[PDB]
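Colleague: Just start-v7.tsv, nothing more (TSV, C-alpha atoms and all ligand atoms):
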chain	number	residue	atom	x	y	z
A	1	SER	CA	80.75	78.49	85.08
A	2	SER	CA	80.86	80.85	88.01
A	3	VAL	CA	82.51	84.25	87.51
A	4	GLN	CA	85.83	84.94	89.24
A	5	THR	CA	86.61	88.10	91.20
A	6	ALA	CA	89.49	90.00	92.77
A	7	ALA	CA	89.31	92.98	95.13
A	8	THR	CA	91.44	95.75	96.53
A	9	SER	CA	90.78	98.81	98.73
A	10	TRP	CA	92.55	101.78	100.19
A	11	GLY	CA	92.23	104.52	102.81
A	12	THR	CA	89.45	104.71	105.37
A	13	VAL	CA	86.37	105.84	103.38
A	14	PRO	CA	87.23	103.35	101.88
A	15	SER	CA	87.66	103.16	98.11
A	16	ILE	CA	87.06	99.59	96.87
A	17	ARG	CA	87.64	98.14	93.40
A	18	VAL	CA	86.18	94.74	92.47
A	19	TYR	CA	87.27	93.11	89.20
A	20	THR	CA	85.13	90.33	87.67
A	21	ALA	CA	86.20	87.90	84.93
A	22	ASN	CA	83.02	86.74	83.12
A	23	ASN	CA	82.94	84.96	79.78
A	24	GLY	CA	86.41	86.17	78.77
A	25	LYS	CA	86.01	89.82	79.78
A	26	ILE	CA	87.14	91.62	82.93
A	27	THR	CA	85.13	94.58	84.15
A	28	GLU	CA	85.43	96.78	87.22
A	29	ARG	CA	82.97	97.94	89.92
A	30	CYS	CA	83.91	100.86	92.13
A	31	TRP	CA	83.00	102.30	95.53
A	32	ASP	CA	84.22	105.70	96.74
A	33	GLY	CA	81.67	106.16	99.58
A	34	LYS	CA	78.55	107.26	97.59
A	35	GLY	CA	77.29	104.21	95.67
A	36	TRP	CA	78.71	101.52	93.36
A	37	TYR	CA	79.50	102.44	89.73
A	38	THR	CA	81.20	100.87	86.69
A	39	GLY	CA	84.86	101.71	86.35
A	40	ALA	CA	87.02	102.52	83.34
A	41	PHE	CA	88.85	99.19	83.40
A	42	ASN	CA	87.70	96.83	80.61
A	43	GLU	CA	90.12	94.22	79.24
A	44	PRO	CA	89.99	90.61	78.09
A	45	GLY	CA	90.69	87.81	80.51
A	46	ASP	CA	89.46	84.56	82.05
A	47	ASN	CA	91.25	85.18	85.37
A	48	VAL	CA	92.10	88.37	87.34
A	49	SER	CA	94.20	89.33	90.32
A	50	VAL	CA	94.97	92.77	91.70
A	51	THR	CA	97.26	94.65	94.02
A	52	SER	CA	97.48	98.33	94.95
A	53	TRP	CA	99.66	100.69	97.01
A	54	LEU	CA	99.59	104.28	98.16
A	55	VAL	CA	102.22	106.95	97.72
A	56	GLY	CA	101.06	109.53	100.21
A	57	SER	CA	97.30	109.44	99.53
A	58	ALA	CA	97.68	108.72	95.75
A	59	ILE	CA	96.67	105.16	94.62
A	60	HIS	CA	98.57	102.94	92.19
A	61	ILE	CA	96.85	99.77	90.95
A	62	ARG	CA	98.19	96.73	89.03
A	63	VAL	CA	95.71	94.26	87.55
A	64	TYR	CA	96.95	90.92	86.23
A	65	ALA	CA	94.65	89.58	83.43
A	66	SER	CA	95.14	86.03	82.11
A	67	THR	CA	93.88	84.19	79.00
A	68	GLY	CA	95.29	80.67	78.57
A	69	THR	CA	98.92	80.94	79.68
A	70	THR	CA	99.26	84.65	78.78
A	71	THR	CA	99.14	87.22	81.58
A	72	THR	CA	99.00	90.98	80.87
A	73	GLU	CA	99.62	93.63	83.49
A	74	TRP	CA	97.46	96.76	83.44
A	75	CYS	CA	98.58	99.89	85.37
A	76	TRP	CA	96.71	102.78	87.04
A	77	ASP	CA	99.09	105.60	88.15
A	78	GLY	CA	96.65	108.53	88.50
A	79	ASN	CA	95.71	109.24	84.92
A	80	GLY	CA	94.20	106.16	83.24
A	81	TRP	CA	95.09	102.61	82.39
A	82	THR	CA	98.28	101.57	80.55
A	83	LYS	CA	99.82	98.22	79.65
A	84	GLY	CA	102.75	97.35	81.96
A	85	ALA	CA	106.12	95.71	81.49
A	86	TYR	CA	105.22	92.43	83.24
A	87	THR	CA	106.17	89.26	81.35
A	88	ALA	CA	106.64	85.52	81.93
A	89	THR	CA	110.19	85.53	80.43
B	1	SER	CA	90.18	78.55	80.79
B	2	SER	CA	93.48	79.97	82.03
B	3	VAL	CA	96.23	80.10	84.55
B	4	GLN	CA	95.24	81.47	88.02
B	5	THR	CA	97.22	84.31	89.60
B	6	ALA	CA	97.61	86.20	92.86
B	7	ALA	CA	99.55	89.44	93.59
B	8	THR	CA	100.93	91.42	96.46
B	9	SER	CA	102.98	94.59	96.78
B	10	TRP	CA	104.70	96.68	99.40
B	11	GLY	CA	106.34	100.01	100.02
B	12	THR	CA	106.56	102.95	97.62
B	13	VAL	CA	109.07	101.68	95.09
B	14	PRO	CA	107.17	99.43	95.01
B	15	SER	CA	108.04	95.73	95.28
B	16	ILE	CA	105.54	93.38	93.62
B	17	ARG	CA	105.21	89.56	93.63
B	18	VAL	CA	102.93	87.75	91.17
B	19	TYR	CA	102.20	84.04	91.72
B	20	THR	CA	100.90	81.94	88.84
B	21	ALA	CA	99.31	78.47	89.14
B	22	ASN	CA	99.78	76.60	85.81
B	23	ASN	CA	99.52	72.85	85.16
B	24	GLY	CA	99.59	72.10	88.89
B	25	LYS	CA	102.64	74.22	89.73
B	26	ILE	CA	102.91	77.71	91.23
B	27	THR	CA	105.82	79.95	90.20
B	28	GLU	CA	106.73	83.54	91.11
B	29	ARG	CA	107.66	86.71	89.15
B	30	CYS	CA	109.21	89.64	91.00
B	31	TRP	CA	109.67	93.39	90.69
B	32	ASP	CA	111.91	95.45	92.97
B	33	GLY	CA	112.13	98.58	90.76
B	34	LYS	CA	114.67	97.39	88.19
B	35	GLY	CA	112.95	94.78	85.96
B	36	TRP	CA	110.95	91.56	86.30
B	37	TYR	CA	112.80	88.39	87.37
B	38	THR	CA	111.91	84.86	88.38
B	39	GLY	CA	111.64	84.28	92.13
B	40	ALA	CA	112.63	81.35	94.33
B	41	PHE	CA	109.06	80.18	95.05
B	42	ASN	CA	108.17	76.95	93.33
B	43	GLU	CA	105.49	74.64	94.88
B	44	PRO	CA	102.58	72.51	93.75
B	45	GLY	CA	99.14	74.03	93.43
B	46	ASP	CA	96.14	74.66	91.20
B	47	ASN	CA	94.96	77.78	93.04
B	48	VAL	CA	96.89	80.48	94.88
B	49	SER	CA	96.23	83.44	97.17
B	50	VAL	CA	98.66	85.71	98.98
B	51	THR	CA	99.05	88.37	101.65
B	52	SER	CA	102.06	90.25	103.02
B	53	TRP	CA	103.20	92.79	105.61
B	54	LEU	CA	106.33	94.73	106.53
B	55	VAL	CA	108.31	94.77	109.78
B	56	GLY	CA	110.50	97.82	109.03
B	57	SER	CA	112.01	97.11	105.59
B	58	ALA	CA	111.68	93.32	106.00
B	59	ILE	CA	108.85	91.75	104.05
B	60	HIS	CA	106.84	88.82	105.38
B	61	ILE	CA	104.74	86.90	102.83
B	62	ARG	CA	102.18	84.13	103.17
B	63	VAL	CA	101.16	82.14	100.04
B	64	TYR	CA	98.14	79.79	100.24
B	65	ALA	CA	98.54	77.00	97.71
B	66	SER	CA	95.63	74.61	97.04
B	67	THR	CA	95.51	71.19	95.39
B	68	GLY	CA	92.21	69.37	95.68
B	69	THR	CA	90.88	70.07	99.17
B	70	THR	CA	94.32	70.62	100.76
B	71	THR	CA	95.64	74.15	101.24
B	72	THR	CA	99.31	74.58	102.30
B	73	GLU	CA	100.61	77.90	103.68
B	74	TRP	CA	104.12	78.87	102.57
B	75	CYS	CA	105.98	81.52	104.54
B	76	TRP	CA	108.70	83.99	103.57
B	77	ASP	CA	110.31	85.66	106.62
B	78	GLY	CA	113.72	86.62	105.18
B	79	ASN	CA	115.46	83.27	104.70
B	80	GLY	CA	113.66	81.06	102.27
B	81	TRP	CA	110.24	79.60	101.92
B	82	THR	CA	108.98	77.39	104.78
B	83	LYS	CA	105.74	75.64	105.63
B	84	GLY	CA	103.40	77.42	108.00
B	85	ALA	CA	100.97	76.37	110.72
B	86	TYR	CA	97.84	76.95	108.64
B	87	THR	CA	95.33	74.06	108.66
B	88	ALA	CA	91.73	73.56	107.60
B	89	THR	CA	90.75	72.25	111.01
C	1	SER	CA	90.09	70.70	90.26
C	2	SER	CA	90.80	72.36	93.69
C	3	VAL	CA	89.37	74.55	96.35
C	4	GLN	CA	89.85	78.26	95.90
C	5	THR	CA	91.03	80.73	98.53
C	6	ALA	CA	91.30	84.42	99.29
C	7	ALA	CA	93.37	86.06	102.02
C	8	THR	CA	93.62	89.37	103.85
C	9	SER	CA	95.75	90.60	106.75
C	10	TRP	CA	96.09	93.66	108.96
C	11	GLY	CA	98.18	95.32	111.65
C	12	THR	CA	101.50	94.21	113.11
C	13	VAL	CA	100.60	90.88	114.78
C	14	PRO	CA	99.40	90.34	112.03
C	15	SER	CA	95.82	89.17	111.96
C	16	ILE	CA	95.05	87.01	108.90
C	17	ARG	CA	91.74	85.74	107.47
C	18	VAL	CA	91.66	82.98	104.84
C	19	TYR	CA	88.39	82.24	103.02
C	20	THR	CA	87.98	78.93	101.23
C	21	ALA	CA	85.32	78.04	98.63
C	22	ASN	CA	84.83	74.23	98.76
C	23	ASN	CA	81.88	72.29	97.39
C	24	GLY	CA	79.72	75.43	97.09
C	25	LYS	CA	80.41	76.73	100.59
C	26	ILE	CA	82.78	79.42	101.79
C	27	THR	CA	84.27	79.11	105.29
C	28	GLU	CA	86.83	81.14	107.18
C	29	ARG	CA	90.03	80.36	109.09
C	30	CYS	CA	91.52	82.98	111.40
C	31	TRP	CA	94.89	83.98	112.88
C	32	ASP	CA	95.23	86.64	115.59
C	33	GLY	CA	98.77	85.62	116.65
C	34	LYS	CA	97.73	82.73	118.89
C	35	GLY	CA	96.90	79.80	116.59
C	36	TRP	CA	94.44	79.15	113.77
C	37	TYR	CA	90.73	78.95	114.57
C	38	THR	CA	87.46	78.70	112.63
C	39	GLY	CA	85.68	82.00	112.06
C	40	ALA	CA	82.03	82.91	112.05
C	41	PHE	CA	81.77	83.46	108.29
C	42	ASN	CA	79.77	80.77	106.56
C	43	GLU	CA	77.97	81.42	103.26
C	44	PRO	CA	77.39	79.82	99.91
C	45	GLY	CA	79.73	80.39	96.98
C	46	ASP	CA	81.87	78.80	94.32
C	47	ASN	CA	84.40	81.64	94.18
C	48	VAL	CA	85.65	84.18	96.71
C	49	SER	CA	87.68	87.34	96.99
C	50	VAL	CA	88.31	89.63	99.98
C	51	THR	CA	89.63	93.02	101.07
C	52	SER	CA	89.86	94.80	104.40
C	53	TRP	CA	90.77	98.12	106.02
C	54	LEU	CA	91.20	99.55	109.52
C	55	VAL	CA	89.29	102.47	111.05
C	56	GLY	CA	91.31	103.18	114.14
C	57	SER	CA	91.91	99.69	115.63
C	58	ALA	CA	88.61	98.30	114.22
C	59	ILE	CA	88.78	95.97	111.19
C	60	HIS	CA	86.26	96.19	108.36
C	61	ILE	CA	86.13	93.22	105.95
C	62	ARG	CA	84.35	92.79	102.60
C	63	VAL	CA	84.03	89.26	101.15
C	64	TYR	CA	82.80	88.87	97.55
C	65	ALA	CA	81.06	85.49	97.13
C	66	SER	CA	80.06	84.32	93.64
C	67	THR	CA	77.64	81.61	92.51
C	68	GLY	CA	77.09	81.52	88.76
C	69	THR	CA	77.01	85.15	87.61
C	70	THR	CA	75.73	86.50	90.91
C	71	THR	CA	78.22	88.11	93.33
C	72	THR	CA	77.11	88.86	96.92
C	73	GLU	CA	79.12	91.17	99.19
C	74	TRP	CA	79.31	90.21	102.88
C	75	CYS	CA	80.33	92.88	105.40
C	76	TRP	CA	82.06	92.65	108.75
C	77	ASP	CA	81.99	95.96	110.68
C	78	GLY	CA	82.48	94.72	114.26
C	79	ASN	CA	79.07	93.12	114.87
C	80	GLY	CA	78.55	90.10	112.64
C	81	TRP	CA	78.29	89.48	108.97
C	82	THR	CA	75.68	91.39	106.95
C	83	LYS	CA	74.85	91.70	103.26
C	84	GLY	CA	76.23	94.73	101.46
C	85	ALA	CA	74.99	97.04	98.72
C	86	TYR	CA	77.35	95.70	96.04
C	87	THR	CA	75.84	94.78	92.72
C	88	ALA	CA	77.15	93.76	89.34
C	89	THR	CA	77.63	95.97	86.31
D	101	LIG	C1	91.18	108.11	91.79
D	101	LIG	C2	89.75	107.84	91.52
D	101	LIG	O1	89.06	107.36	92.44
D	101	LIG	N1	89.28	108.18	90.31
D	101	LIG	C3	87.86	107.99	90.04
D	101	LIG	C4	87.60	107.65	88.58
D	101	LIG	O2	88.23	106.44	88.15
D	101	LIG	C5	87.93	105.23	88.85
D	101	LIG	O3	88.90	104.96	89.88
D	101	LIG	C6	90.20	104.69	89.43
D	101	LIG	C7	91.20	104.49	90.57
D	101	LIG	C8	90.16	103.45	88.54
D	101	LIG	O4	89.71	102.34	89.30
D	101	LIG	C9	89.22	103.70	87.37
D	101	LIG	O5	89.13	102.57	86.50
D	101	LIG	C10	87.85	104.05	87.92
D	101	LIG	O6	87.01	104.31	86.81
D	101	LIG	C11	86.04	107.59	88.40
D	101	LIG	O7	85.72	107.16	87.09
D	101	LIG	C12	85.86	108.11	85.98
D	101	LIG	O8	84.63	108.83	85.89
D	101	LIG	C13	84.65	109.75	84.76
D	101	LIG	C14	83.38	110.57	84.79
D	101	LIG	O9	83.19	111.16	86.08
D	101	LIG	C15	84.78	108.97	83.46
D	101	LIG	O10	83.69	108.08	83.22
D	101	LIG	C16	86.07	108.17	83.45
D	101	LIG	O11	86.09	107.30	82.32
D	101	LIG	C17	87.22	107.49	81.36
D	101	LIG	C18	87.07	108.84	80.67
D	101	LIG	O12	86.11	108.97	79.87
D	101	LIG	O13	87.82	109.81	80.99
D	101	LIG	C19	87.14	106.35	80.33
D	101	LIG	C20	88.44	106.17	79.56
D	101	LIG	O14	88.33	104.98	78.82
D	101	LIG	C21	89.66	106.16	80.48
D	101	LIG	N2	90.85	105.96	79.62
D	101	LIG	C22	91.92	105.30	80.07
D	101	LIG	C23	93.05	105.19	79.09
D	101	LIG	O15	91.99	104.87	81.19
D	101	LIG	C24	89.65	107.45	81.26
D	101	LIG	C25	90.80	107.67	82.24
D	101	LIG	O16	90.83	106.52	83.10
D	101	LIG	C26	90.58	108.87	83.12
D	101	LIG	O17	90.19	110.03	82.34
D	101	LIG	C27	91.83	109.21	83.92
D	101	LIG	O18	91.46	110.30	84.80
D	101	LIG	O19	88.46	107.47	82.08
D	101	LIG	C28	86.20	107.35	84.75
D	101	LIG	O20	87.54	106.81	84.83
D	101	LIG	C29	85.34	108.89	88.84
D	101	LIG	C30	83.84	108.67	88.87
D	101	LIG	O21	83.22	109.94	88.62
D	101	LIG	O22	85.72	109.23	90.18
D	101	LIG	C31	87.14	109.30	90.40
D	101	LIG	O23	87.65	110.35	89.62
D	102	LIG	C1	113.95	90.40	100.41
D	102	LIG	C2	114.15	90.37	98.93
D	102	LIG	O1	113.59	91.22	98.21
D	102	LIG	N1	114.92	89.40	98.43
D	102	LIG	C3	115.15	89.29	97.00
D	102	LIG	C4	115.33	87.83	96.60
D	102	LIG	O2	114.17	87.00	96.84
D	102	LIG	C5	112.96	87.34	96.16
D	102	LIG	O3	112.18	88.13	97.06
D	102	LIG	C6	111.64	87.42	98.18
D	102	LIG	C7	110.85	88.39	99.00
D	102	LIG	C8	110.80	86.23	97.71
D	102	LIG	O4	109.73	86.71	96.90
D	102	LIG	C9	111.71	85.28	96.92
D	102	LIG	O5	111.01	84.11	96.45
D	102	LIG	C10	112.29	86.03	95.73
D	102	LIG	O6	113.24	85.20	95.00
D	102	LIG	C11	115.92	87.67	95.17
D	102	LIG	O7	116.14	86.28	94.79
D	102	LIG	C12	116.99	85.48	95.62
D	102	LIG	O8	118.22	85.43	94.88
D	102	LIG	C13	119.19	84.49	95.33
D	102	LIG	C14	120.37	84.51	94.35
D	102	LIG	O9	121.42	85.28	94.99
D	102	LIG	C15	118.68	83.08	95.47
D	102	LIG	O10	118.29	82.44	94.27
D	102	LIG	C16	117.47	83.07	96.31
D	102	LIG	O11	117.02	81.70	96.21
D	102	LIG	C17	116.42	84.07	95.82
D	102	LIG	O12	115.44	84.10	96.91
D	102	LIG	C18	117.07	88.65	94.87
D	102	LIG	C19	117.46	88.51	93.39
D	102	LIG	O13	118.27	89.63	93.03
D	102	LIG	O14	116.65	89.99	95.23
D	102	LIG	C20	116.35	90.17	96.63
D	102	LIG	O15	117.48	89.83	97.43
D	103	LIG	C1	87.92	91.43	115.88
D	103	LIG	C2	88.10	89.95	116.10
D	103	LIG	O1	89.17	89.44	115.88
D	103	LIG	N1	87.07	89.24	116.55
D	103	LIG	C3	87.24	87.81	116.80
D	103	LIG	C4	85.99	87.01	116.49
D	103	LIG	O2	85.60	87.13	115.12
D	103	LIG	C5	86.56	86.73	114.13
D	103	LIG	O3	87.23	87.82	113.57
D	103	LIG	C6	86.39	88.75	112.87
D	103	LIG	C7	87.23	89.91	112.34
D	103	LIG	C8	85.69	88.03	111.73
D	103	LIG	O4	86.70	87.51	110.86
D	103	LIG	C9	84.87	86.88	112.33
D	103	LIG	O5	84.17	86.12	111.33
D	103	LIG	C10	85.79	85.94	113.08
D	103	LIG	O6	85.00	84.93	113.73
D	103	LIG	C11	86.20	85.56	116.93
D	103	LIG	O7	85.03	84.78	116.73
D	103	LIG	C12	86.54	85.46	118.40
D	103	LIG	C13	86.82	83.99	118.71
D	103	LIG	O8	87.94	83.90	119.61
D	103	LIG	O9	87.71	86.22	118.68
D	103	LIG	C14	87.52	87.63	118.30
D	103	LIG	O10	88.68	88.43	118.67
D	104	LIG	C1	105.73	99.19	89.26
D	104	LIG	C2	106.03	99.04	87.79
D	104	LIG	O1	105.25	100.03	87.11
D	104	LIG	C3	105.39	100.05	85.68
D	104	LIG	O2	106.66	100.58	85.31
D	104	LIG	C4	105.23	98.66	85.08
D	104	LIG	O3	105.65	98.76	83.69
D	104	LIG	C5	106.05	97.60	85.78
D	104	LIG	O4	105.78	96.31	85.19
D	104	LIG	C6	105.73	97.65	87.29
D	104	LIG	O5	104.32	97.38	87.51
D	105	LIG	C1	82.19	100.20	102.22
D	105	LIG	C2	80.69	100.00	102.01
D	105	LIG	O1	80.14	99.39	103.18
D	105	LIG	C3	78.72	99.27	103.14
D	105	LIG	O2	78.17	100.57	102.98
D	105	LIG	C4	78.31	98.37	101.97
D	105	LIG	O3	76.89	98.35	101.88
D	105	LIG	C5	78.90	98.87	100.65
D	105	LIG	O4	78.60	97.94	99.60
D	105	LIG	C6	80.40	99.12	100.79
D	105	LIG	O5	81.10	97.86	100.98
D	106	LIG	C1	101.65	84.95	110.81
D	106	LIG	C2	101.93	83.50	111.21
D	106	LIG	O1	103.24	83.16	110.91
D	106	LIG	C3	103.59	81.88	111.51
D	106	LIG	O2	104.97	81.65	111.39
D	106	LIG	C4	102.81	80.81	110.72
D	106	LIG	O3	103.12	79.52	111.23
D	106	LIG	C5	101.33	81.09	110.91
D	106	LIG	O4	100.57	80.08	110.23
D	106	LIG	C6	101.01	82.50	110.48
D	106	LIG	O5	101.22	82.59	109.08
Would you mind writing the file out in structure tokens?
Ligand SMILES: CC(=O)N[C@@H]1[C@@H](O[C@@H]2O[C@@H](C)[C@@H](O)[C@@H](O)[C@@H]2O)[C@H](O[C@@H]2O[C@H](CO)[C@H](O)[C@H](O[C@]3(C(=O)O)C[C@H](O)[C@@H](NC(C)=O)[C@H]([C@H](O)[C@H](O)CO)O3)[C@H]2O)[C@@H](CO)O[C@@H]1O
Ligand SMILES: CC(=O)N[C@@H]1[C@@H](O[C@@H]2O[C@@H](C)[C@@H](O)[C@@H](O)[C@@H]2O)[C@H](O[C@@H]2O[C@H](CO)[C@H](O)[C@H](O)[C@H]2O)[C@@H](CO)O[C@@H]1O
Ligand SMILES: CC(=O)N[C@@H]1[C@@H](O[C@@H]2O[C@@H](C)[C@@H](O)[C@@H](O)[C@@H]2O)[C@H](O)[C@@H](CO)O[C@H]1O
Ligand SMILES: C[C@@H]1O[C@@H](O)[C@@H](O)[C@H](O)[C@@H]1O
Ligand SMILES: C[C@@H]1O[C@@H](O)[C@@H](O)[C@H](O)[C@@H]1O
Ligand SMILES: C[C@@H]1O[C@H](O)[C@@H](O)[C@H](O)[C@@H]1O

Modeller:
Amino acid sequence: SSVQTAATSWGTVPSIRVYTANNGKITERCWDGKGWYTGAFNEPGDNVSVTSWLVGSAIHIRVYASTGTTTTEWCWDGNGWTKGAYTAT
Amino acid sequence: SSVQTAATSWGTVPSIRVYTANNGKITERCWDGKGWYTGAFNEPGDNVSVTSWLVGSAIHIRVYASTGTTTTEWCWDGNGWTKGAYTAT
Amino acid sequence: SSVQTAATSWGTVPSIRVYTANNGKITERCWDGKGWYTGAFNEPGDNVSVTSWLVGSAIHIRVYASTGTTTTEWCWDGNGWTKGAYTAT
């Protein structure tokens, strides 16, 4: 049908990350002030949400990717993506 | 085809809240630094969005729950979830 | 099944903006501490996400509107809504 997106941003440049769920895959587009590019995030999902927070100026991102009733948390903490501890139960 | 989520976070710990719409009901999973647990929020909806802000250490949360063309705003201001003033028109 | 919403907020009032995709159109409801009102944003879309950031006391808003596989970014920078440079991967 139509794709589904989620977005987050931080600072004042700003940095923006836009996640798109399309045909069962979530990909990431990124803005850091100098043109859009494709990010490192690539995981399966039919639905995506995101949140982020700063510690000082350092960004932490959590992406919630869902297929059917299964949601997986993906974590950015300054050195790549890792699977997080989030569960339903 | 999947559940639909929304997420918010605050502070540096951080705290995180993830809302999931599934089979016409929205439920809440919570992180305050010491493991995921099930939150108090439980209301009807097929779609959810969220935003939040701090007043000191006190979180204020607004959840927008949609069923058909009706969106209800649910408010956390320190003492349970209450309906907010939000309307379509 | 239901309308779909996206929300952002800023400052200490706070100000809130809620975008709703309904029947192929996205509209905007606004809170600046003094009651809900209808905003100027009105554009086509079946799905919506949003983020925002402050530069001094000035809000900047980015709304990601999707129709099929095409996502259009709409930009508020103090002087009306304009189309942004965002493109898909
Ligand atoms: C903090 C920041 O802005 N960092 C960006 C780089 O990353 C992007 O922003 C992150 C916050 C996050 O959203 C991420 O998904 C974004 O991609 C940004 O992109 C990197 O560019 C380099 C080249 O300049 C690489 O392409 C890198 O890709 C890989 C890598 O090859 O190293 C892919 C790999 O799969 C991935 N592995 C994992 C487990 O995550 C790694 C890993 O993320 C990084 O090595 C960790 O540092 O990345 C891109 O991630 C870059 C654009 O030049 O600018 C900032 O550095
Ligand atoms: C301010 C805060 O962090 N409070 C939590 C409690 O509420 C959760 O967080 C708030 C912000 C909101 O998301 C709620 O929906 C969450 O449940 C949290 O749960 C409360 O626990 C008591 C049991 O003593 C009652 O069941 C309430 O109904 C719950 O709201 C507790 C759990 O340890 O942690 C913090 O106090
Ligand atoms: C900065 C601001 O709040 N401007 C208000 C006007 O625009 C509204 O808010 C901006 C950020 C954007 O969301 C617009 O689409 C939205 O209409 C608003 O029209 C006016 C009406 O009272 O009040 C301004 O303060
Ligand atoms: C903030 C926390 O960061 C990591 O430890 C994750 O494993 C948790 O699920 C949570 O996101
Ligand atoms: C923050 C940036 O603002 C404008 O430059 C837009 O054209 C970009 O797409 C981006 O949103
Ligand atoms: C920030 C405001 O809080 C109030 O209590 C609510 O009634 C409004 O709708 C809005 O969410």

Colleague: Starting from chain C, keep only residues with some atom at most 8 Å from an atom of chain B, counting only C-alpha atoms, and report them as a PyMOL selection string.

Modeller: chain C and resi 1-10+12+14+22+29+35-38

Colleague: Could you list the protein, DNA and RNA residues that have any atom within 9 Å of ligand LIG 104 (chain D), counting all atoms listed in the file, and write them as a list in words?

Modeller: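 Residues lying within 9 Å of ligand LIG 104 (chain D): residues 60, 61, 62, 73, 74, 75, 76, 77, 82, 83, 84, 85, 86 and 87 of chain A; 13, 14, 15, 16, 31, 32, 33, 34, 35 and 36 of chain B.
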
Colleague: Could you please take those selected residues and save C-alpha atoms as a PDB file, in the coordinates of the input?

Modeller:
ATOM      1  CA  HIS A  60      98.570 102.940  92.190  1.00  0.00           C
ATOM      2  CA  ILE A  61      96.850  99.770  90.950  1.00  0.00           C
ATOM      3  CA  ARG A  62      98.190  96.730  89.030  1.00  0.00           C
ATOM      4  CA  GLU A  73      99.620  93.630  83.490  1.00  0.00           C
ATOM      5  CA  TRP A  74      97.460  96.760  83.440  1.00  0.00           C
ATOM      6  CA  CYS A  75      98.580  99.890  85.370  1.00  0.00           C
ATOM      7  CA  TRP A  76      96.710 102.780  87.040  1.00  0.00           C
ATOM      8  CA  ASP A  77      99.090 105.600  88.150  1.00  0.00           C
ATOM      9  CA  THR A  82      98.280 101.570  80.550  1.00  0.00           C
ATOM     10  CA  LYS A  83      99.820  98.220  79.650  1.00  0.00           C
ATOM     11  CA  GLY A  84     102.750  97.350  81.960  1.00  0.00           C
ATOM     12  CA  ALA A  85     106.120  95.710  81.490  1.00  0.00           C
ATOM     13  CA  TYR A  86     105.220  92.430  83.240  1.00  0.00           C
ATOM     14  CA  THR A  87     106.170  89.260  81.350  1.00  0.00           C
TER      15      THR A  87
ATOM     16  CA  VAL B  13     109.070 101.680  95.090  1.00  0.00           C
ATOM     17  CA  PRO B  14     107.170  99.430  95.010  1.00  0.00           C
ATOM     18  CA  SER B  15     108.040  95.730  95.280  1.00  0.00           C
ATOM     19  CA  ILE B  16     105.540  93.380  93.620  1.00  0.00           C
ATOM     20  CA  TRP B  31     109.670  93.390  90.690  1.00  0.00           C
ATOM     21  CA  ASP B  32     111.910  95.450  92.970  1.00  0.00           C
ATOM     22  CA  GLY B  33     112.130  98.580  90.760  1.00  0.00           C
ATOM     23  CA  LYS B  34     114.670  97.390  88.190  1.00  0.00           C
ATOM     24  CA  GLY B  35     112.950  94.780  85.960  1.00  0.00           C
ATOM     25  CA  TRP B  36     110.950  91.560  86.300  1.00  0.00           C
TER      26      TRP B  36
END

Colleague: State, in Å with one decimal place, the distance from atom CA of residue 58 of chain A to atom CA of residue 20 of chain B.

Modeller: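 Taking atom CA of residue 58 of chain A as the start and atom CA of residue 20 of chain B as the end point, the length is 27.8 Å.
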
Colleague: Using the file's own x, y and z axes, what box holds all listed atoms of ligand LIG 105 (chain D) with 4 Å on each side, keeping edges along x, y and z, and what are its centre and edge lengths in Å to one decimal, as JSON?

Modeller:
{"center_x": 79.5, "center_y": 99.2, "center_z": 101.4, "size_x": 13.3, "size_y": 10.7, "size_z": 11.6}

Colleague: Neighbours of ligand LIG 102 (chain D) at 6 Å or closer, counting all atoms listed in the file: which residues, as JSON, numbers by chain?

Modeller: {"B": [39, 40, 41]}

Colleague: What is the distance between atom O20 of ligand LIG 101 (chain D) and atom CA of residue 19 of chain A, in Å to one decimal?

Modeller: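 Computing the Euclidean distance for atom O20 of ligand LIG 101 (chain D) and atom CA of residue 19 of chain A yields 14.4 Å.
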
Colleague: As an exercise, work out the distance from atom CA of residue 28 of chain A to atom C13 of ligand LIG 101 (chain D) in Å and give it to one decimal place.

Modeller: 13.2 Å

Colleague: Between A:17, A:11, A:25, A:56, which is the closest to ligand LIG 101 (chain D) once you count all atoms listed in the file?

Modeller: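 Smallest separation from ligand LIG 101 (chain D) among the options: A:17.
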
Colleague: Given the choices A:23, A:18, A:79, A:43, which gets closest to residue 59 of chain A if the distance is worked out from all atoms listed in the file?

Modeller: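 Closest to residue 59 of chain A, using all atoms listed in the file: A:79.
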